Amino acid sequence: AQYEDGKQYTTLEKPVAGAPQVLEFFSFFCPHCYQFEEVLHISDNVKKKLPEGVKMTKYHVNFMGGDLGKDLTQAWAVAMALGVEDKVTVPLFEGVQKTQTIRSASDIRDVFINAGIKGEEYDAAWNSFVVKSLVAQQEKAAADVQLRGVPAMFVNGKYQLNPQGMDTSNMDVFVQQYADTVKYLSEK
């Protein structure tokens, strides 16, 4: 066929029930995730091709960057709870990978302050139980698919995108192939 298991995607041997429809994992330490976000705008181009009534979820992971990696998963929970994902994603990536000005939880916080989130609002979210279980949700989703690598995307908890099997000569062409694959998997 044109789309075949093991080429544009792989199938999970152990499917995950009740999973979010389009589930994406990344890390602010992950170099391809940086490309995915600021050069390819993968998440965005997937959304533009998804049927509607479809939710997109994006979660941060712990297994890169040790102590800071965990801090970042909690910060991403704050970002989700406050709905400010679109104002911190770029400065977190560039603070970790471009400028290397993020070295502590306090530097992560500074990015939120500079993006206009209030000090008191950030610290309260950071310390809230609504952020604890949001951290719990991210870890649980990664656990359920035995996640050892990012960037990663899962559709309906049973298909995993396989970017290795898509042409990379052209970046525009890679993105559309990626997005079209998500839509194919979506309708499957």
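- Structure determination for this PDB entry is given in the record as X-ray crystallography, at a resolution of 2.1180 Å.

- As named in the PDB entry, the chain is Thiol:disulfide interchange protein, taken from Escherichia coli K-12.
- The title field of the PDB entry reads "Group deposition of library data - Crystal Structure of EcDsbA after initial refinement with no ligand modelled (structure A8_1)".

1. Some thoughts on the pairing of strand β4 (residues 152–155)
Next, step 1: Side-chain alternation along β4 places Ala152 and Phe154 on one buried face and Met153 and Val155 on a second face that is also buried.
Next, step 2: Two successive antiparallel strands, β4 and strand β5 (residues 159–161), enclose a turn made up of 3 residues, where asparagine 156 displays a positive phi of approximately 50°.

2. Quick word on the state of the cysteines
Next, step 1: On inspection of all chains with the given rule, the structure shows 1 disulfide.
Next, step 2: Here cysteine 30 engages in a disulfide with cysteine 33; their sulfurs sit 2.0 Å apart. Residues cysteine 30 and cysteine 33 are joined through a disulfide that is right-handed, its torsion about the S-S bond being 75°.
Next, step 3: In this structure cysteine 33 comes out as buried when scored by relative accessible area, which is 3%.

3. Digging into the environment of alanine 19
Next, step 1: When you line up the elements, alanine 19 lands in the loop between β1 (9–11) and β2 (22–26).
Next, step 2: Residues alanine 19 and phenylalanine 129 lie 110 residues apart in sequence; the distance between their C-alpha atoms is 22 Å.
Next, step 3: Contacts of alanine 19, omitting those with residues within four sequence positions, involve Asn156 and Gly157.

4. Brief notes about unusual backbone geometry
Next, step 1: Residues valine 150 and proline 151 are joined by a peptide bond in cis, for which omega reads 0°.
Next, step 2: As for its position among the elements, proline 151 is in the loop between α7 (129–144) and β4.
Next, step 3: Unusually for a residue other than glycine, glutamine 146 sits at a positive phi of about 50°.
Next, step 4: Position of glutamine 146 among the secondary structure elements: in the loop between α7 and β4.

5. Details of the packing of aromatic side chains
The description of an aromatic ring pair rests on the distance of the ring centres and on the angle between the ring planes.
Next, step 1: Across all of its chains, the model carries 16 aromatic pairs by this definition.
Next, step 2: An aromatic cluster of at least three residues, connected via ring pairs, comprises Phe26, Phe28, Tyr34, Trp76 and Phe93.
Next, step 3: Its end group placed over the ring of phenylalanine 26, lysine 58 keeps NZ or CZ at 5.7 Å from the ring centre.
Next, step 4: Lying across the ring of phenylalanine 129, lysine 132 places its NZ or CZ 5.7 Å from the centre.

6. Some words on the pairing of strand β3 (residues 56–60)
Next, step 1: For β3, the tally of buried residues reaches 4 of 5 residues, placing the bulk of the element in the interior.
Next, step 2: As defined by bridge partners, β2 adjoins β3 across 5 bridges and the pair is classed as parallel. Pairing of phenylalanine 26 across the sheet is with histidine 60, part of β3.

Rules and cut-offs
- Residues numbered from 1 in each chain as written, not as in the entry; some residues may be left out.
- Heavy atoms only, no water.
- Buried < 20%, exposed > 50% of the residue type's maximum accessible area, 1.4 Å probe, protein only.
- Helix = DSSP H or I, 4+ residues; strand = E, 2+ residues; numbered from the N terminus.
- Pairing = 2+ DSSP bridges.
- Disulfide = S-S within 2.5 Å.
- Contact = heavy atoms within 4.5 Å.
- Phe/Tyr/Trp six-rings, centres within 6.5 Å; stacked < 30°, edge-to-face > 60°.
- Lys NZ or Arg CZ within 6 Å of the ring centre and 35° of its normal.

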